[PDB]
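J.: Residue numbers (the numbering used here), protein chains in the order written: chain A, 481 to 922; chain B, 362 to 557; chain C, 936 to 1353; chain D, 435 to 483.
The beta carbon of each residue, even a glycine, is placed where N, CA and C say it ideally should be.
Just dropping this structure here.
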Amino acid sequence: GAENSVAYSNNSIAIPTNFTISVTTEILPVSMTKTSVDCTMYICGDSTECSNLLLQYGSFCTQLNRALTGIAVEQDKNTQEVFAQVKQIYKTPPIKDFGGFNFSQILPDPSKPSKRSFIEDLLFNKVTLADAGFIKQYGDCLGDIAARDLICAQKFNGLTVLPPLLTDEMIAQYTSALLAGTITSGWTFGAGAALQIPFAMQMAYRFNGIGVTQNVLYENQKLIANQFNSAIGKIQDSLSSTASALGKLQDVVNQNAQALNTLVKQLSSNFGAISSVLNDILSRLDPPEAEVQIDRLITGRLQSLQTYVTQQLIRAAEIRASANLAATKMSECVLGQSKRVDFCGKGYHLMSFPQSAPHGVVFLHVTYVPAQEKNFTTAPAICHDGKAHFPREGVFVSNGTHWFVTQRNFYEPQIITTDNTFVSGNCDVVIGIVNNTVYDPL
Amino acid sequence: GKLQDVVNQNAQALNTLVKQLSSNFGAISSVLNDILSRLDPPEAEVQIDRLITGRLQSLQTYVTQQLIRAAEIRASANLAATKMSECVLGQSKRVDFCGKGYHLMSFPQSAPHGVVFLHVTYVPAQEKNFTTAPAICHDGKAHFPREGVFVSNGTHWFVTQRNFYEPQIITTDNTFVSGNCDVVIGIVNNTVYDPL
Amino acid sequence: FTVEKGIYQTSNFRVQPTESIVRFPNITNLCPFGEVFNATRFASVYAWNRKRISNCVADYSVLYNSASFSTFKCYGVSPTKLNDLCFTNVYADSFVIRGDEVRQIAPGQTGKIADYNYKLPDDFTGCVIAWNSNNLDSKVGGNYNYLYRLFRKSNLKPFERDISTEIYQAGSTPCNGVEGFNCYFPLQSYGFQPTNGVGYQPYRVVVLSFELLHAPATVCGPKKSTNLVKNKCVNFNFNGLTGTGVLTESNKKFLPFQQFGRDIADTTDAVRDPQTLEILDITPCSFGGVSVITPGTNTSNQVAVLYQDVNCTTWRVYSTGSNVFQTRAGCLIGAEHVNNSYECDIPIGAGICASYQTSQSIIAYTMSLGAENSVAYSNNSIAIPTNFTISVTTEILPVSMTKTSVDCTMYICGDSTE
Amino acid sequence: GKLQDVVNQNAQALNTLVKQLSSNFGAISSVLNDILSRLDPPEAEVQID
Ligand SMILES: *[C@@H]1O[C@H](CO)[C@@H](O[C@@H]2O[C@H](CO)[C@@H](O)[C@H](O)[C@H]2NC(C)=O)[C@H](O)[C@H]1NC(C)=O
Ligand SMILES: *[C@@H]1O[C@H](CO)[C@@H](O[C@@H]2O[C@H](CO)[C@@H](O)[C@H](O)[C@H]2NC(C)=O)[C@H](O)[C@H]1NC(C)=O
Ligand SMILES: *[C@@H]1O[C@H](CO)[C@@H](O[C@@H]2O[C@H](CO)[C@@H](O)[C@H](O)[C@H]2NC(C)=O)[C@H](O)[C@H]1NC(C)=O
Ligand SMILES: *[C@@H]1O[C@H](CO)[C@@H](O[C@@H]2O[C@H](CO)[C@@H](O)[C@H](O)[C@H]2NC(C)=O)[C@H](O)[C@H]1NC(C)=O
Ligand SMILES: *[C@@H]1O[C@H](CO)[C@@H](O[C@@H]2O[C@H](CO)[C@@H](O)[C@H](O)[C@H]2NC(C)=O)[C@H](O)[C@H]1NC(C)=O
Ligand SMILES: *[C@@H]1O[C@H](CO)[C@@H](O[C@@H]2O[C@H](CO)[C@@H](O)[C@H](O)[C@H]2NC(C)=O)[C@H](O)[C@H]1NC(C)=O
Ligand SMILES: CCCCC/C=C\C/C=C/CCCCCCCC(=O)O
Ligand SMILES: *[C@@H]1O[C@H](CO)[C@@H](O)[C@H](O)[C@H]1NC(C)=O
Ligand SMILES: *[C@@H]1O[C@H](CO)[C@@H](O)[C@H](O)[C@H]1NC(C)=O
Ligand SMILES: *[C@@H]1O[C@H](CO)[C@@H](O)[C@H](O)[C@H]1NC(C)=O
Ligand SMILES: *[C@@H]1O[C@H](CO)[C@@H](O)[C@H](O)[C@H]1NC(C)=O
Ligand SMILES: *[C@@H]1O[C@H](CO)[C@@H](O)[C@H](O)[C@H]1NC(C)=O
Ligand SMILES: *[C@@H]1O[C@H](CO)[C@@H](O)[C@H](O)[C@H]1NC(C)=O
Ligand SMILES: *[C@@H]1O[C@H](CO)[C@@H](O)[C@H](O)[C@H]1NC(C)=O
Ligand SMILES: *[C@@H]1O[C@H](CO)[C@@H](O)[C@H](O)[C@H]1NC(C)=O
Ligand SMILES: *[C@@H]1O[C@H](CO)[C@@H](O)[C@H](O)[C@H]1NC(C)=O
Ligand SMILES: *[C@@H]1O[C@H](CO)[C@@H](O)[C@H](O)[C@H]1NC(C)=O
Ligand SMILES: *[C@@H]1O[C@H](CO)[C@@H](O)[C@H](O)[C@H]1NC(C)=O
């Protein structure tokens, strides 16, 4: 990183005079492809004798089907925990009078057949799935034999992919409900009932939550709305530019596809047998020896399945941890406001917006970042009549001739008064106290 | 059920493991005694090495599954410890971490292979529609609430705490002045009482 | 005997074959067993003969009426499958050896024959046939026309022939191709006599070398060809390669030397029909997944079946019946479609859930996401609570799981010292 | 110790892995060279697989 130094001193403080509203994108996996394996078709494809030999392994199989079923269930639980945290479906009002804040690029547009936002459409257009549909009829792979499609080769070997319980439309509807709740009711819909509030005023609260007096927002409301709209436009331009931004989600798709393709390739292995092809053994050897070679192939292919399932269980644990993190963020950033540093983006967190994505969630984190800082000379306290006056909430600064007190995160100098400071003890103990005067209102 | 499943899973794994003893793994028989009682060592040893390999693989599978479940339980236990620390020992501002609502306090209870938290939360029950304004102009000055909102019942303006309707008269000790009324959008006219 | 409420993933859908089809090259010639097994003169083992056998039918049933083999041994393939098989090329290696040397005609063997006159590959596919010839290859005064090599500088390679007759230098001194001390002739002969002991009697050995299931066949078994049936799951046999599958037309331009195609997993993709030089694709019949949706067996014995990747808007289903409808998860049979949404009970997938309602039947429906409502948002209206409730919720978390310990010896080798 | 155990565990795993080379796994010998030096390929290959 770049090397720099900070001008530290015992009587100098840097205070921001301006700020920027930034929007960051955090991408998290939530689910991964649900799989199901028919041990008989994979190991003993269309062979009754092999299946009959295989039946004494019924337990190794049923424990593999249980593990994969458990994974598929946990993928649906993960999705439900991330997106289904609101009991009711909220809808936006017909009038978008949000104080100048433009949400048209994140709220659903009713004119498309699936009520997704434009940014969500971009997300679906950057990550490319493998199945592209959960129906693949026998005639559709019967006539594509000229074509080496991977899905057909999987399905002929007992390897299938189950559809998710929650479709992209249902997830989009949940994210729409979450946006309408956060925008029209702030955090109140998370705790209990959705309590309507003007958007600008909730932003006044969000500013108070980060130590910035609400009058700053109202005075700069036009600037804040313009910075937000520009940040959203920049997010749109970024997602529209490249594709690797969502690599974290694409890798999940790729890993699952790779595992299945790898599994299919393992069928070419002999595992010590004279041939990997069951039919060549059966067509050349009589049962007493075909059975010796075949038990070996059954063992090898069962080990391959065991390896696959183990890898899927480990990845499922990885996805679950990511999904739990995503649910935590949904709860503590979208439904509330986070004081946890860098949990919901860099800066002082204001609010977040969920967007759905294939096998994942994208959070748009709106944060307050100090933009232009200044060097002021400061003091921890001022002596007046021998009394030591301290700020209740803020710091003392001087422009070189006059002492003022101001809010910590935004330069807003105030005259030193008895209603801003408090007295405790006297000036002769505290180190670095300076002399000034404190005005007493009539 | 979430706790019962753990018990069931462990019982199932052991029962499954026992059932695997009936498998031949390619051997002429799963029973060591039938091999030894029928075959002389040079061939009993060939069949037996095969059974040893198969049963060792079964154990390897069991242990791997237990390690994965143990990671699952550890993650749950770490979450439980986090809740114990930040809900029972303290008070949580983290939304929906310790139940739905605004968290007040929590109580631990033990359970077989687990912990049960009773989360006591504050939930708003009866809401009302008030007309509001971000600020009020008085003598040209813009007055803002320090902690709360401005509401009106239609004839009089009051200021009240955010999570519970408790209307107060607008005074100089409840609001603060910054700038003037001509910049802030939605400001309304009223009066601010100055205590003697 | 009890199945809990839910959806279970069961065995895929499976078509059974309807008929078997046997296809072989349209050759009617019989293999020249008489010219091999009944020959006036066999070659010597040092100069063994190699006859090519092609374009014929190998029955070997004819041999039963006259020949009686002392040994028969197939490496590679089983002796009972040879009728159900055909070969890519066949070579018959024919020679006479001494009886005690028959054991040496095998992979892995050593001796004056295995090393000096007839070595086999350790990757040998084929059959070793031997029988005694004491009443043909031996005379009174003995038969000295059968020669073997006794001295060689090194062992042979498999199927290597070394007919040379140069003088073998046993000693340190060159011999300039003359007979003398430490300079022996490498060729020696057998004295086969009708009064000689069994191990010193002549044996006639024929080695049949053949590469199976990998190239065009010309030497086929007595199996009947059948007519060809397309687009049906059948049990096929193409040049000895057996299997189950659907045979369809293909566009794979095989080269004249290619007989079979394969996938990466090494299974057969296509074959060239030996009767009509066309290429047929082999697509396994069984395909797709079947899920079973059921209330517990203590409630009802009615089930619904979801057929994944079939369409229903000659179906590949076990039973149509009534109540058949297409979902994006597959074709669901046995569940009545109800327009009303409910909370999900038995998940089906793709937004579809099922439940057992009331007269009683299984229903399928699109799941509800929660009640739909709207918020009265405006720029000057706020909702503020006037009352509150204290609620208590229960959150249950696992902390530990049963501690286990396994004695590998008792589990694997229970009460067995060995 | 919490950090030392990580180092120890990784070292232990590798050392354990090396020790597994002494196992026969049902073969006549764990040493590839002793099989190859005593058995011809058709049987050395059965033991070696
Ligand atoms: C704080 O920064 C913003 C921009 O970061 C300033 O707004 C810009 O002001 C210049 C000069 O008036 C304009 O030309 C730009 O178009 C403004 N940008 C936007 C987005 O409005 C703002 O004036 C700064 N405030 C202070 C007090 O320095
Ligand atoms: C919000 O921003 C958009 C551009 O990001 C403004 O323009 C609209 O864009 C959408 C989609 O690109 C179009 O369907 C609309 O017709 C556009 N509107 C106009 C007037 O051109 C949009 O106007 C902004 N919203 C507001 C309230 O100004
Ligand atoms: C701040 O003001 C106090 C009071 O005027 C100063 O204290 C005086 O210091 C001088 C010199 O050190 C003494 O002679 C006086 O007797 C002190 N008066 C009292 C009341 O203590 C103090 O020095 C001033 N400090 C600064 C930094 O200006
Ligand atoms: C709030 O009160 C101020 C002051 O009485 C109003 O400002 C006056 O508006 C009228 C008409 O717009 C002007 O003719 C006066 O000159 C204004 N006076 C001053 C001092 O600015 C303001 O319009 C009132 N607003 C509302 C909503 O009642
Ligand atoms: C194949 O021929 C080569 C060449 O004649 C043989 O190798 C020779 O073996 C003699 C043995 O005394 C050596 O003295 C020569 O130096 C070798 N020459 C070379 C080029 O290797 C080889 O042994 C023959 N192989 C067989 C199986 O007979
Ligand atoms: C707030 O709600 C509680 C109950 O949710 C109200 O208490 C009930 O009041 C009625 C009428 O007086 C009694 O009949 C019930 O027995 C009370 N319930 C309990 C648990 O005490 C309470 O009066 C409400 N307060 C307001 C201001 O509306
Ligand atoms: C003359 C060319 C023959 C080529 C045949 C090639 C491959 C098929 C082999 C068929 C059997 C060889 C004869 C042995 C029959 C068994 C006789 C018996 O056990 O009683
Ligand atoms: C504050 O002072 C230091 C050194 O005196 C200087 O490097 C720094 O740039 C100053 N800050 C600003 C905002 O100019
Ligand atoms: C400090 O601020 C006061 C208040 O406006 C001003 O009068 C004074 O000139 C300023 N001094 C400097 C050095 O900026
Ligand atoms: C602050 O630092 C300067 C220089 O290091 C020193 O001269 C001055 O006395 C210090 N003041 C205090 C209050 O420490
Ligand atoms: C608030 O007003 C809206 C529409 O004006 C109404 O639907 C809602 O019920 C009102 N709130 C209450 C608590 O009555
Ligand atoms: C608003 O509250 C005041 C204070 O009690 C009351 O005098 C007035 O009548 C109320 N108006 C309405 C419309 O409720
Ligand atoms: C509030 O909204 C109403 C209707 O949309 C409009 O007439 C009124 O002028 C708006 N007021 C402000 C301050 O935006
Ligand atoms: C082999 O010879 C015997 C007797 O000469 C004869 O009966 C038999 O048919 C012959 N075999 C064949 C295949 O011609
Ligand atoms: C018989 O063989 C010839 C090849 O010479 C082939 O054309 C013909 O189709 C075969 N018979 C049948 C019934 O296929
Ligand atoms: C099944 O239903 C019967 C009622 O006929 C009930 O007694 C039994 O406990 C139930 N068992 C399960 C596992 O649901
Ligand atoms: C096949 O199913 C799809 C839905 O998966 C449907 O849109 C299509 O129309 C169906 N095919 C026919 C011929 O109806
Ligand atoms: C469901 O609604 C569709 C049209 O909305 C109608 O055609 C169909 O008959 C309805 N079915 C039932 C069972 O009400």
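Please classify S584/A: is it buried, with 16 or more other beta-carbons within 10 angstroms of its beta-carbon, or exposed?
T.: exposed
J.: With hydrogens ignored, establish whether the beta-carbon of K635/A is closer than 7 Å to any heavy atom of ligand 11.
T.: no
J.: Report yes if the CB atom of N984/C is closer than 8 Å to the CB atom of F1059/C, and no otherwise.
T.: no
J.: Comparing alpha-carbon positions, which option in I546/B, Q426/B and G387/B lies nearest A797/A?
T.: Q426/B
J.: Going by DSSP, what residue range makes up the alpha helix (DSSP H) through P403/B?
T.: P402 to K444
J.: Quick check on the DSSP output: the beta strand (DSSP E) that includes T1329/C runs from which residue to which?
T.: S1316 to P1333
J.: Report yes if the C-beta distance between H474/B and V1334/C is below 8 Å; otherwise report no.
T.: yes
J.: CB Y1242/C to CB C1266/C, shorter than 8 Å?
T.: Less than 8 Å divides the Cβ of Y1242/C from the Cβ of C1266/C.
J.: Throw me the rounded Cβ distance for the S391/B and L382/B pair, which I believe falls under 8 Å.
T.: 7 Å
J.: Give the residues from the region 485-500 of chain B that approach chain C closer than 8 Å (Cβ to any Cβ), ordered along the chain.
T.: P485, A486, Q487, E488, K489, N490, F491, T492, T493 and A494
J.: Output the distance between the C-alpha atoms of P1230/C and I1268/C, rounded to the nearest integer angstrom.
T.: Our two residues, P1230/C and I1268/C, have alpha carbons roughly 15 Å apart in a direct line.
J.: Going by the C-beta, is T1321/C closer than 7 Å to any heavy atom of ligand 6?
T.: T1321/C: yes, Cβ under 7 Å from ligand 6.
J.: Quick check on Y554/B: buried or exposed, where buried means 16 or more other Cβ atoms within 10 Å of its Cβ?
T.: exposed
J.: Collect the residues with a C-beta less than 5 Å away from any heavy atom of ligand 14 and give them in sequence order along the chain.
T.: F968/C, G969/C, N973/C, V997/C and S1001/C
J.: Using DSSP's beta-bridge definition, name the partner residues of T858/A.
T.: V877/A
J.: Is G460/B a contact residue of ligand 9, with contact defined as CB to any heavy atom under 7 Å?
T.: no
J.: So if I measure from each beta-carbon to every heavy atom of ligand 17 and keep distances below 5 Å, which residues remain?
T.: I615/A, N1246/C and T1248/C
J.: Sort out for me which residues DSSP pairs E699/A with in a bridge.
T.: BP columns for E699/A are empty, so no partner.
J.: Taking only beta-carbon positions, decide if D1057/C is within less than 8 Å of chain D.
T.: yes
J.: Cβ of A705/A within 8 Å of Cβ of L697/A?
T.: no
J.: According to DSSP, is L1091/C part of a helix, a strand, or is it coil?
T.: Secondary structure of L1091/C (DSSP, three-state): coil.
J.: Are the CB atoms of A868/A and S818/A nearer to each other than 8 Å?
T.: no
J.: Assuming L642/A is part of the beta strand (DSSP E), what are its boundary residues?
T.: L639 to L642
J.: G435/D touches chain B at which residues, Cβ-Cβ below 7 Å?
T.: Within 7 Å of the CB of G435/D, no CB atom of chain B is found; the nearest one sits about 18 Å away.
J.: Indicate whether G638/A and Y788/A have their beta-carbon atoms separated by less than 8 Å.
T.: Their beta carbons are not under 8 Å apart, which means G638/A does not touch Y788/A by this criterion.
J.: Given the structure, does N514/B come close to ligand 12, in the sense that its CB is under 7 Å from one of the ligand's heavy atoms?
T.: yes
J.: Is the region 1248-1265 of chain C close to the region 1285-1304 of chain C, with three or more CB pairs under 8 Å?
T.: yes
J.: In this structure, does DSSP put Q894/A in helix, strand or coil?
T.: In this structure, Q894/A counts as strand in the three-state DSSP scheme.
J.: Can a CB atom of chain C be found closer than 8 Å to the CB of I429/B?
T.: Answer no: the Cβ-Cβ gap between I429/B and chain C never drops below 8 Å.
J.: If the cut-off is 9 Å on Cβ atoms, which residues from the region 1007-1024 of chain C count as contacting chain A, listed in chain order?
T.: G1011, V1012, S1013, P1014, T1015, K1016, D1019 and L1020
J.: Please name the residue, chosen from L658/A, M810/A, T898/A and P767/A, that lies closest to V562/A on a Cα-to-Cα basis.
T.: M810/A
J.: When you compare the region 975-982 of chain C with the region 1076-1096 of chain C, are there three or more beta-carbon pairs, one atom per stretch, that lie closer than 8 Å?
T.: yes
J.: For a cutoff of 8 Å on Cβ pairs, would you count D401/B as touching chain D?
T.: no
J.: Please classify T722/A as buried or exposed, where buried requires at least 16 other C-beta atoms within 10 Å of its C-beta.
T.: exposed
J.: If you draw a straight line from the C-alpha of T482/B to the C-alpha of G672/A, how long is it?
T.: 10 Å
J.: Looking only at its own chain, which residues have a Cβ that is under 6 Å from the Cβ of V549/B, when we skip the five neighbours before and after it?
T.: Answer for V549/B: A494 and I497, listed in chain order.
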